[PDB]
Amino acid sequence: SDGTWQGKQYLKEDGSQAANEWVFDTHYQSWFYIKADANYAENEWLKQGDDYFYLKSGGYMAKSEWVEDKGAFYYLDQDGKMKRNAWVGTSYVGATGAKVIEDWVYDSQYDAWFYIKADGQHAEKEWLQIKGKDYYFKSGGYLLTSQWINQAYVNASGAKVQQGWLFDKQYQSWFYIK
């Protein structure tokens, strides 16, 4: 390529000054975003339609990588686009792209609730107390709802029931929980 960096500015193959545009510099094999002031975007987000991109230090577009911003982790896909509402390995990124921690996740593809502990790992084959109530997560992390777990009963919200009547449809009989 005959494209060249002159400080933070990029001259294109034809010698024109890049500005307000993406450039792909084969010398780095990297995308870069050149701002309206003809300087490359660096250590910043770029919104383009619905999509977010992150320009790292030196202006390289982030891609297939995790970035930390204001104490939150964001994943950029192969094309540089910030992932939203998805599992990225064992992590879940929410609506804003931020890795979910200490919170519920409803995933329509498993039709199941999950809980990501503060430590960033999904609850799995275990009891947790979440906001003062008890919830049991199966293998794979799926919240158990409306069933007996040992001597305990978890209701439709997944919360262990403390006391009261339950009509069990499995046994077609009334139980009193104390």
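Residues carry their position along the shown sequence, with the first being 1.
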| property | result |
| --- | --- |
| Of 50-58 and 36-44, the one with larger mean CA B-factor | 50-58 |
| Comparing 143-151 with 120-128, the one whose average Cα B-factor in the PDB entry is higher | 143-151 |
| C-alpha B-factor winner, where the candidates are 105, 95, 82, 88 | 95 |
| Residue 111, C-alpha B-factor rank within chain (lowest, middle or highest third) | middle |
| Ranked against its chain, the third holding the CA B-factor of residue 69 | highest |
